[PDB]
Amino acid sequence: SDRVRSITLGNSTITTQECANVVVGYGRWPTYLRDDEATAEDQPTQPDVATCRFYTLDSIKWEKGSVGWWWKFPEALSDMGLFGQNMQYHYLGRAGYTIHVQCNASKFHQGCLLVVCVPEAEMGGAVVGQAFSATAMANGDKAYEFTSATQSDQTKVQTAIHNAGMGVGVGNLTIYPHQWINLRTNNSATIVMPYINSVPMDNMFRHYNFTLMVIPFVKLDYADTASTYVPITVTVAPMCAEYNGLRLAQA
Amino acid sequence: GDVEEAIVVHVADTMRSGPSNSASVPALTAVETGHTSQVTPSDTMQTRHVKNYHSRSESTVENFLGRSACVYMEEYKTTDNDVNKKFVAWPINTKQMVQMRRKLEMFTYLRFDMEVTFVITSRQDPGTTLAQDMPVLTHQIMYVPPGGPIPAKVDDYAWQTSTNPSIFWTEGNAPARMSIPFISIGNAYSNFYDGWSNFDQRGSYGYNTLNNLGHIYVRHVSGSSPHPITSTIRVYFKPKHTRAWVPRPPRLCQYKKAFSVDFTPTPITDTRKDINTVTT
Amino acid sequence: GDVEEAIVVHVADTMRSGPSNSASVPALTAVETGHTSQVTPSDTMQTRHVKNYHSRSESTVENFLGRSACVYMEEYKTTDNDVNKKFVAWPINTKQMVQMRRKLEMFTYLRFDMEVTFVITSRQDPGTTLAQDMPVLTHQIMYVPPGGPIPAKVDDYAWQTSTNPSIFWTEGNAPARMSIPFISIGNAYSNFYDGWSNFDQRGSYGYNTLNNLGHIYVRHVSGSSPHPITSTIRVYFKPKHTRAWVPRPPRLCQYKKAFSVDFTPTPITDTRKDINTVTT
Amino acid sequence: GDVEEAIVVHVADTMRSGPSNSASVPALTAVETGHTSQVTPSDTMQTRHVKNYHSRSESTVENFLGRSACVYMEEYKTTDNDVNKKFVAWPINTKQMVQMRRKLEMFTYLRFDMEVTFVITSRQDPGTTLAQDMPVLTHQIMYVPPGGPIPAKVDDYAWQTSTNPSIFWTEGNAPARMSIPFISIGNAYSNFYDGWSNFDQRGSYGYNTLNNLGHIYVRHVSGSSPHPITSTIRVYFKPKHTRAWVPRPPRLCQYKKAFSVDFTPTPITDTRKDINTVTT
Amino acid sequence: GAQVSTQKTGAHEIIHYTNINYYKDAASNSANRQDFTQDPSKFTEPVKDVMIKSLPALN
Amino acid sequence: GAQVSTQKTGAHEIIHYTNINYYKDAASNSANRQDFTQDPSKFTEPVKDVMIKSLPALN
Amino acid sequence: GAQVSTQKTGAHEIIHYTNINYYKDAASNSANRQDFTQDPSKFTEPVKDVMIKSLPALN
Amino acid sequence: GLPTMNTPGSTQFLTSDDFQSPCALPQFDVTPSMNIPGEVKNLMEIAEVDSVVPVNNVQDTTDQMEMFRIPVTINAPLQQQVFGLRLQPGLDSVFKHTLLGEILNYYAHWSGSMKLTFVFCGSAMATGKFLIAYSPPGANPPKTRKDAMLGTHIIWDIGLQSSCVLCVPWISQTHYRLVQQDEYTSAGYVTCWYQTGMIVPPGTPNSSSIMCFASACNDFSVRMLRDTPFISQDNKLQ
Amino acid sequence: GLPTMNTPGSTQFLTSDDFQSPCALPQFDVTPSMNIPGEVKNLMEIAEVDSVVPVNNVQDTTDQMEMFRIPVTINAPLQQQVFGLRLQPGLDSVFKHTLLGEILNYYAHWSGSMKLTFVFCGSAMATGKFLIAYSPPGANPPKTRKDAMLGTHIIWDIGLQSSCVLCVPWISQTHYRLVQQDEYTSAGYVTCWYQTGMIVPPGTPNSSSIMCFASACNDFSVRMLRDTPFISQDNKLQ
Amino acid sequence: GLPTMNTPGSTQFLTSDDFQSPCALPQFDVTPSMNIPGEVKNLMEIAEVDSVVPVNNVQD
Ligand SMILES: CN1CCN(Cc2ccc(NCc3cccc(F)c3)cc2)CC1
Ligand SMILES: CN1CCN(Cc2ccc(NCc3cccc(F)c3)cc2)CC1
Ligand SMILES: CN1CCN(Cc2ccc(NCc3cccc(F)c3)cc2)CC1
Ligand SMILES: CCCCCCCCCCCCCC(=O)O
Ligand SMILES: CCCCCCCCCCCCCC(=O)O
Ligand SMILES: CCCCCCCCCCCCCC(=O)O
């Protein structure tokens, strides 16, 4: 059967029994930087099993009125294991990622989720003109919530779900790598994202490589039942990570 | 041999199909995999053999982006009391004109050469006394890479360009034209930049951070008529040898700022009477 | 070999003929068959041998239709109170000018490339005060395929063409010229269309239904003189690489509508005193 | 064979380096020898293998000095009471414009061909009566090698050049251009000359002594309007086929004389709060 | 690319010209007005059975 | 230097043009709009395991 | 006379141009900005005895 | 020198010309190229990707996200219509702002076949059958399933495979169709009807939803570039 | 004659063009060439020569020559900073007017590694050790030797060899950096600290000085010529 | 560049000239050709077809 998948990174393993296949970025597998494309002179450091492993983020509750959530990377993993330490102590970084999202429900539940990775997901402020600090879109591993109505507070991003905070049709996000979690036939989605950027490497604290979005396109529904909500969990694992430019820590 | 004969691709043809009855089910699939079905009409119904000669030549990115488009216009007078009103100073950017902005923002990263054309026109300002005789005018276009000196008046010393490229153009001739190579410090231009300037996540945010292309200055060489004359310049960009990566959905909301993504929420699309209405 | 030597046809000659007396009757035939007799003077009378060097080179369709002809003219002012009077908007069609219309309507279907030339002239409007000094003017010609945005005023945003082709021309130079390929959705242009638009035989009737070529817009780039100036544009079409099918008789009645075949009955030809009158 | 295929150099690559422990000490040297250390980052720290494709094409002297730069401008009127104000007379030299002067003074000796371009513009002087009609103007540029006759008025006989090269230019066309070979009596131009003119160490001192390039004269051919008209000429030099010797440090103090090195003492550089301050 | 061909001239009384194309679109080429082939049969003899001029048209 | 290549034209219905470069910078050359290679797999089939259209998508 | 040579372009990513001279004076030719030879030894290593970087500068 | 004569068109500026021009930064060294993932070489590649179609434009949608869901109920008449729409990918409001409509709006002519994919997002215990039919152009759109099934159609059975594909064939009198479609170049209609109905067991929701995806086949093509009308400005941006 | 059409750009004057022009002194015989010593063919050759860096810009330097000397004393705390500066060769006041800064100011982009050479000019009997460290870009410059030594550094021992070389490696996210550097293209900091301290015998001065030399490595390069801002005039020179 | 001189006739518009001009729709794909019946290549072919002559022009 092709409905069973197993992934082993470092000292951690993920097993799923009901799952679609795996989407691989734009058809490119993560890989190390070549000698003919590098620009930095000194030797890189390639912590391997120490950093290339699965990390569980906090879990969220999926209610009947949920609208969606987003996370920004690698700021989400900025304070996780040795990956965070390497981010803090180095000037440049480079790594792919594997994202596994999990949502399980009985055969009597219905709903559909869209899981998509958006590279360079620049967002606009709630009030056109004013600006926001680096806290209305990223504060660690916590998830940020979309809104059904138009945002009004000037200190946060425009959370209109139908625009996705980018001024584009929410239904056109299919262009990016993605998968659907349909409770009828699926329980998890797996995406492998290669390193995508205009330069060989970059500061991991200054630049958000890509954004992960989960959007309910068919709201959750059920009847009777003692279960009041469906938890959603996100697991991520850097791949082929390497760093450079040892300075003092402290980002 | 003094001549080298460098010296195409049509869409797929339709093959003939007959009645079928088997366990194969091409029509049935599962979109949950993120995979777009590759079925063809030949799998669902009987079809005749048809040879297609249509080609996708006009849909290539090179042709799609290979059209000159206006990116900026400004007016400057030959003579006036205000010094700042006798010349133009424009920080180069492609976010000023909506059509070209939207065309470019369909891709995340771009790498191309540029072809720049300048269109200049002049007109006499209204006034009581317009009777005068003035010879043909001449204009100077100056490009100042970042960090170079900037003129502060029409007759400043900086207009004596020794290293800065410049063009002198006389009215009545063909529009000025010139080419410029790929001049990005990075490996490709970035239309979007989700990040900050300072390392502590503070300061400027957005693509504004990566705009360091320089400035363009224009003036009348020595024309100073007894009565004011107004001139207008239009700048046209034309990408060449283009390459693009990571396509993204076209924008839906109207632009509101020249250096930001700010917008106002917009409906997904227009409405109709009901889900069954099909008439006009 | 850097050179390829691609590198004609005279009318039939007349053969000699002598006295004849036989049962063959070339002169007698029957037009009821719809067959045009192929007899030659050599069959009815004695003739000498003559070698003809005349050729029909100038009667080919390529040469017959290979002449530039005016198809439209319109006037637009540089400055005026009425906004609609400062620019032109023409739906492309070949039924406006009678000579070219009749030349084209001798065939039912045509397929050719097109060569378009624009002639622009300007003149100062009469008025009390004409003393002014104005630099050379510049004009913009914009082509909008069907369904594209249409400008509503001289200084509209739509004039920033990013995909629509355009030409900028300055007075005093050679007339603008440009080529356009065969751009019909069908396999050939149709001068006549005997049918309706709706499937229930209702709506528009005639060739108007198939006219979806677009529009052409023209304006002064930025010229706005203290006193009005009027400009006139003339459009000339010149078919190239022509092919024609199904010839039809030339029209006899004068044209009366630009998008219809309506006419008034006309006599077959002029009269004379009697069937025997042969003098002037 | 009618065609000859004349038909580059990247910076040094970085080689990989591992941990080391030996008696060799590349980092330690002695500047007292006047020798600049040739160490590379690979000698002091571990490095990866990197292939560099950067080239120093744009840093060659040919490209550095291969840009047209203004060297002089002057105004002359078509008609005026003062005879000396109706034409220009300039002793050729490159010390008039600061930017080109500093660019040239980075080397002691130079040897190159020259490309000269002239930009001429005209404007009507202000006055009560400006209503006039004047045909296009024409200008004459005359070059007089040293020792030749010099005109003393606009209509002097010397303007009938029989051996002196000259250019006649009409307004509205492209700027005049011309080339000149290496015309120094010595083996190379000298930007600096530490010596005197007389053999007893007296007289003129400096590079002024070696400036014997001639003069340039400009006038309106025959234009003499009822009302004054002012014209301005700009001269641009562009070295070609350049060679340089003995580089010297760039100047630090502002120029003050066109034929001398005189200057005012200037601080070495700007100051900061203290030797440890590193913030903005 | 050079393309040499004869030019129009008179009868029984060099005549070559050179042409080169500069644009990448065939529509930009000059008119091909050197073709003189023709066949009036389609309109003059549209009958099914071949008719001989000498023989009677009918019977 | 002469570079001869075919020009765009129609289907089943000479077509060559000459080009020469005059400047020493490749950026000065004309647009190379004669390339028509394309591959939509990167966006239409980004899955890891190959999927056969005839066979069921899952199991 | 035709003189064909490569034009400047990028790295690991035809490039030829033709040039002809029209005047009888070499000074009229275009700038020869295609030379990239260089040698900094004259200014960086003007010493008489060769110095090895690895060995001590003195003794 | 060499005699010459200027022809018409000289000194003109045509925005779609291909000519060589001088470079103002001679011998400029460009940055080395790098193979970033996800290179796109033709807009048809983008056009061939699926996108959600907002079919539920009921003129009273207080919540925007409702536009993407097609309602379905358990107890309905034996024959009933689920939805209906016109096949005008570049002009109809349904397809106007989709990933395919946006690409089409930059052109004037289009041709080729289209794919419509429907996915059932109900409970795993729910079942049903639907009839989806495409009716070529005609004087009247179908009003009942009896009329609808006469044209091209497919019977969709809901099971483990949750998606079905309706391939709309290219049936036209002309090789191309106008994006700004009219009566002459009409393209037909698409409708969906209940084939058997939806049946659910106890303890499940009484309603479900369906979503539609639109994309182009491998024989799709466009022509005659033009400027899109969806974006406009009134003053220079600042 | 030969038909032709003029394209845009005709009759323009571009200051960086390469075209042939007539010679006004035909058949002029130039003077024979002579091989003068010291021919320079590339500005990088000049840029690769050392030059003294005026590090001591203390805002109260009454004597200009003091700017070239870094003070040092015998008795100092165990860990103390000798000097600190930003690595902005084309913008920082320290490197602005050096032989390398002057060359850089004629360009817009630069890349490659740099060499900093320090020479001890004390007595022959004096001794000491110094720590010189380079800190790549970050949110905060180092404040103590403990923080400083985490980055690239070299321990300098003063002996018979009076000079030491710190090779600053090229560590950047982009292939090039702007001469007019900003926060985006920052380059880091350089600092020096006492490693052991300076010890002197009786009968020697209690203070010494150090000098710094700056030069470019063999992988240095520049790009995008521009006009320098250090020189300006208000009226025509006479 | 290459020296040249313009001859009489430059910048004129002759309605019966044969010159190449730029195309404003580069790389445009034309519809495939189809052999419609009744192709005419020369007006003499039309001229060689019979037609009824109105000889009886009797003014009444
Ligand atoms: C933040 N980036 C800036 C570059 N932008 C694309 C772009 C647009 C125009 C240009 N023009 C470069 C140019 C070309 C010719 C002359 C000049 F002065 C400047 C370069 C890049 C994408 C967003
Ligand atoms: C109803 N048909 C319309 C076409 N008509 C023939 C025809 C005439 C002119 C044109 N011009 C096409 C064209 C060519 C160049 C630029 C343009 F904007 C338009 C095309 C076809 C025959 C009757
Ligand atoms: C004292 N020398 C005089 C020459 N100067 C360099 C120099 C500058 C300009 C010229 N121009 C020569 C020239 C070239 C063309 C036409 C002319 F009239 C003159 C020659 C040498 C260096 C200092
Ligand atoms: C864009 C083409 C410009 C052609 C310029 C004139 C021809 C120069 C080459 C000499 C003719 C040979 C052409 C060929 O090899 O077919
Ligand atoms: C700057 C180049 C000017 C070229 C002038 C037109 C071509 C003249 C030579 C004939 C074509 C042959 C070129 C070649 O050998 O590749
Ligand atoms: C004054 C020289 C005019 C040259 C005109 C263009 C070149 C025509 C000849 C074709 C190129 C061949 C030249 C050669 O044999 O080297």
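So you know, we letter chains A, B, ... as the sequences are listed, proteins then strands, and number each from 1.
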If you count heavy atoms of other groups shown closer than 6.0 angstrom to [atom1] of [X], is the number above 12?
X	atom1	answer
D/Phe263	CZ	no
D/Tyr207	OH	yes
D/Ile185	CD1	no
D/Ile150	CD1	no

Please name the pair of heavy atoms, one in D/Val3 and one in G/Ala2, separated by the smallest distance, quoted to 0.1 Å.
CG1-CB, 3.3 Å
Assess the residue pair G/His12 and D/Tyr53 against the criterion (side chain to side chain contact (heavy atoms under 4.5 Å, CB included)); give the C-alpha distance rounded to whole Å, side-chain angles, the decisive distance to 0.1 Å, and a yes or no.
CA-CA 9 Å; G/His12 61 78; D/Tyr53 296 111; 3.0 Å; yes
Counting distance only, does the side-chain N/O of D/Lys240 pair as donor-acceptor with the main-chain N or O of G/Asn29 below 3.5 Å?
yes
Can you pull out the residues in residues 28-50 of chain D with any heavy atom less than 4.5 Å from chain G?
D/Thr29, D/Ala30, D/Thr33, D/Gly34, D/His35, D/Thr36, D/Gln38
Taking only heavy atoms into account, what residues of residues 91-103 of chain D are found under 4.5 Å from chain G?
none
Please look at G/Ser30 and chain D and tell me whether the side chain, the backbone, both or neither of the residue comes under 4.5 angstrom of a heavy atom of that chain.
backbone
Per-residue tally against chain D (heavy atom, under 4.5 Å) across G/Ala27, G/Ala11, G/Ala57 peaks at G/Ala27
Atom pair CG (G/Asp35) and CG (D/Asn63), whose distance is rounded to the nearest 0.5 Å
10.0 Å
Supply the atom-to-atom distance D/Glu5 CD to G/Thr18 OG1, rounded to the nearest 0.5 angstrom.
8.0 Å
Looking at D/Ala6, D/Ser179, D/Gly1, which makes the most heavy-atom pairs under 4.5 Å with chain G?
D/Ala6
Under the criterion side-chain contact (heavy atoms from CB on, under 4.5 Å), which of G/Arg33, G/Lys8, G/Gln34 is the partner of D/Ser57?
G/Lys8
Which atoms of D/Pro239 approach chain G - backbone, side chain, both or neither, heavy atom under 4.5 Å
neither
